[PDB]
Structures are given as structure tokens and as C-alpha cells.
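Presented below, as C-alpha cells, is a lone chain in the form deposited in one PDB entry.
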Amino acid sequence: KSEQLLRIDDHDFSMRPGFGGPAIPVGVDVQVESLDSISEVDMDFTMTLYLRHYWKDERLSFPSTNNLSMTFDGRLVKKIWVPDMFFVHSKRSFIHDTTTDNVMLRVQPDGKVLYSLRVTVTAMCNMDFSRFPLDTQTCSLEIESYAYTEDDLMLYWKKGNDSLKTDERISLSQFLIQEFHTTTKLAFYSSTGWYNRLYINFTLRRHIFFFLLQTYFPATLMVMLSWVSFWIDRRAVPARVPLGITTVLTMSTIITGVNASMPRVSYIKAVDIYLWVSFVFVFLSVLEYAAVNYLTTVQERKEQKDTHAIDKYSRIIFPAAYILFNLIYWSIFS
């Protein structure tokens, strides 16, 4: 029996190696397999990875006439001591178990141990959509011991920045992923003490040109089209009025569609500001012709009893104001 070579019943495996003395160091390596999904409304992401641990335990040393190691499955875990790692700020996770539990244990003749498992985790990530669609987001995954303070267990990256590997075909449907790196920091709990915590960081970005073409282009085109009325004869009322009222209707339908396609985030964003400023511009264009028509009718009635100056001034004033607004807007939001 392979389990009789290790004196399982001759040791108490309820206690850590080296109990009573200096803390036992544990090394960690991580391989990211894929990103599964992201949720903007719930502000969280899902990931699948391999987790590996390294430490030494003299109690597991066995005699040998060569240098071959023994491999075990997950059934041996319950008979020995292993680190109790958990993910911080996580919402749900589980360990794969098809066709059997995805757990492996390797023991060297001198007592070195390797412990590996395959897991999926969902973690929180606070997001800010003030500068949408030009916004940038940063995420992290956290690992910590649940019951062991730094005085008993010392947690670190096995090989520094080289302990993190990522799959070559990791990608997201609506985001670009960049700048993976790792960090460490100490955490304090008033109940027990200080703990070591490991981090994995990365950054997310959007495709700008797609959003530009979908949103900014039609509004600008509609604003430019609203200016055509300034060059039509003021005596053609049945041409002048329905032009403006149909332009307002088109702008309203565009805004409603754009709202219907965006993530349901209930606070002001930059695109909304741009759209509503364009709406206000379209509205003022109709007000202008209203004034011009009333003034012309009053003058004709008074005379009874050429280009109007308002149109001549508007032809210059409206484009200049729109250009100034664009310049300020793109200086603020880059």
C-alpha cells in the first residue's frame, strides 16, 4: 500500500508543519486559462485558472532506493495538512470535478510537496462610467489565508513576476486586455492580526471608432442638416416649417435608439451631454424661423395698412457656436 510508506497514523495532521516555531513559507504560482464573461450592471468578472502551492514537510519523507516521486489524487488531501487559501471579495467559485476531481499531489522523497487544482471564480470590480465611452477600468484578483496569520504562515510569489502566466488567446468580446502584473500588501484584522495578501492586476479599454461612428456621426449630420433652412426663401412657409419639425422628430428617434442600446447605468455620461446639446441646437433653429415669420407678417401688415437680417446673422452664428462647443468638449474629455 502506497499510503503505508507515509506514516499517516504516526503523526497529527491537524497541526501545521513546524508548529511552535517559525512560520512555514508557502510559494504560489498561477496560470490564467481564459476570461469567461463580464457584467457591467453587476460590476464583476469571471475567470478560470490553475492554482499551485509549494512547501516542505519532513513528516512526509519516505525511504527510497531512487529518486522517483509518488503522485496522489484528491482522496489523500483529507488525510494530511494543506494550506487554506481563499479568494477575497469574491461572489462565487467552485472546483471542477469531471470526470473526477481536478486535484493532484506530488511528494518528493525528501518531503517536498506540490499541490495543484483547477478553479473558476467570480469577483467584484467597482466601475466608473463618467467618461463613457472613453473610460478606462482596472481590476484585480486577491488571494489570502483564511485562518493563519503571518506569524504562522508566510505567503509569497514563488518566482516574483515570473509566477504569472496567461493564455495566448485570452480575449473579451467588447474589451481589450493589457498590462498583467502582480503585487503584494499586508492586511490587518482587529479580530486576529496581520495577513499577507497577493494581487493580480489588469486593465480594460473599449473600441473608440465603433462608438464614434454609431453615436457622434448621426447627431452631427442632423445638426448640419438643420442649417439648410437658413438658405431657403422665407416666403415658403410650407417648406420651412415641416423641415424643422421633422428634423426634431429624427433627432428624438436617434436619441431614443442610442439610449436603448447602452448599458442601463442611471447617471450622466458625456455622450448624453453631447446628444442633448445637439437637441437644443435643433430646437433653437425652429425658434429662429418662428421669429422671422412673425416679423415679416407684422411688416407686411403695417405696409398694407431680399434676405432678412436674422437669417444673414444666423448663417454665421450657428456654425461658429457649434465649433466652439466641440472644441471645448474635446479639450475637456480628450
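Take the two forms, find the largest set of C-alpha atoms that superpose within 1.5 Å, and that set is the rigid core. The first residue of the sequence shown is number 1, and the count goes up from there.
Same protein, other form: the form deposited in another entry, not shown, and the subject of what follows.
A147 shows a C-alpha shift below 2 Å between the shown form and the other one [criterion: core-superposed Cα displacement of 2 Å].
Core-superposed comparison between the shown form and the other one: the CA of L243 exceeds or equals a 2 Å shift. Comparing the forms between the shown form and the other one on their rigid core, the Cα displacement of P263 reaches 2 Å or more.
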